[PDB]
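**Student:** compute the structure for the input listed below.
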Amino acid sequence: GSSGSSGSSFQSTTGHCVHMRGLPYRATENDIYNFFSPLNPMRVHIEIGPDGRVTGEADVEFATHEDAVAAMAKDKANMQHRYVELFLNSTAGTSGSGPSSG
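**Tutor:** Numbers count the residues shown, from 1 in each chain. See below for the structure:
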């Protein structure tokens, strides 16, 4: 199978992600998009409680890490009239350059 979105195993999609919590009832992706702008979130997942009512949680995915930290800049910042919690979740690659690469 494996078409898109759904699949098997965790298999880190990218690594750099952002968790959302305590979101407003009148909060929509479109907002979650401008709430992190200027930026481009790979995708904003909206967690639904029953079958329509939101839960206040969301998941933001980014191509790179920067996009994350950049989005993390809006951590706590009230999106509309509520305080959503943003948890910086990334994997980060490798870095650090010195003399004569050992």
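**Student:** could you work out the end-to-end span of stretch 21-34 for me?
**Tutor:** 17 Å (CA to CA, to the nearest Å).
**Student:** got a list of contacts for it?
**Tutor:** For stretch 21-34, the external contacting residues (CB atoms under 8 Å, 6 or more residues apart in numbering) are 20, 35, 41, 44, 46, 54, 56-58, 60, 79-87. In this view, the C-beta of every residue, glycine as well, is placed from N, C-alpha and C.
**Student:** in ChimeraX, how would I select just the buried ones from these?
**Tutor:** ChimeraX command restricting those to the buried ones, with burial defined by 16 or more other CB atoms under 10 Å:
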select :20,35,41,44,54,56,57,58,60,79,84,86
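**Student:** take the contacts of stretch 21-34 and keep only those in strands.
**Tutor:** 20, 44, 46, 54, 56-58, 60, 85-87 (DSSP state E).
**Student:** switch those over to JSON lines; also include distance to residue 9.
**Tutor:** Output for those, formatted as JSON lines (distance: CB to CB, whole Å):
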{"residue": "20", "distance to residue 9": "24"}
{"residue": "44", "distance to residue 9": "23"}
{"residue": "46", "distance to residue 9": "24"}
{"residue": "54", "distance to residue 9": "28"}
{"residue": "56", "distance to residue 9": "28"}
{"residue": "57", "distance to residue 9": "23"}
{"residue": "58", "distance to residue 9": "23"}
{"residue": "60", "distance to residue 9": "22"}
{"residue": "85", "distance to residue 9": "28"}
{"residue": "86", "distance to residue 9": "27"}
{"residue": "87", "distance to residue 9": "23"}
